[PDB]
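Taking it in order: structure first as structure tokens, then the write-up.
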Amino acid sequence: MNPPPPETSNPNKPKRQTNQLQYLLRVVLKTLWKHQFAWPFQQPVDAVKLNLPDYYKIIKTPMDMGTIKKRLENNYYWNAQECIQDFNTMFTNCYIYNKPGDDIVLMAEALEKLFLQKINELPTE
Ligand SMILES: CCNc1ncnc2cc(OC)c(OC)cc12
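Read in PDB author numbering, the sequence shown has 166 at position 124, and its numbers run on one by one without any break.
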């Protein structure tokens with residue numbers, strides 16, 4: 043059974059548009075998105091569809107690139123670090139729910155390395 047997906051808007055949360063957040067969407071997210079390993083990460087896990095009834099019993103802070111993309115597009119974040127934390131949560135969830143060697147973990151490992159390459163240098167404010 044599925045929990046609500048993470049929020050992509052929150053009227054009482056302060057918004058900010060920064061060069062670094064613009065970069066995270068235009069370059070970081072949209073480059074990862076096109077990777078051949080991106081597809082398991084482009085939407086919230088559907089435990090009913092994917093037959094993973096154990097997923098949300100294990101993962102308590104769900105995150106995915108679909109959610110991140112919407113947050114960036116909706117100006118949800120205050121700064122780039124907040125968005126980077128969502129990416130780190132997404133990767134960490136994968137490692138927690140699975141185990142070393144799994145096909146999905148090999149995918150997360152490759153995307154995480156590409157992610158780090160991209161955020162190594164960010165634009166200035
Ligand atoms: C769209 C299909 N996605 C998936 N299919 C099979 N197993 C998955 C396992 C996962 O846990 C890390 C997962 O979330 C990243 C997506 C999975």
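In this text, a Cβ means the ideal position worked out from N, Cα and C, and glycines have one as well.
Look at the beta carbons and you see the stretch 108-115 not touching the stretch 149-167: under three pairs across the two are nearer than 8 Å. Selection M43, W120 and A89 evaluated against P53 yields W120 as nearest (Cα-Cα). In terms of Cα proximity to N117, the closest of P47, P46, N44 and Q59 is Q59. Remark: C-beta atoms of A152 and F79 approach each other more closely than 8 Å. Annotation for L71 indicates a beta carbon at 7 Å or more from all heavy atoms of ligand 1. By the C-beta criterion, the stretch 140-151 is judged not to be in contact with the stretch 86-106, since fewer than 3 inter-stretch pairs fall below 8 Å. Closest option to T166, judged by alpha-carbon separation, among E49, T134, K57 and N61: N61.
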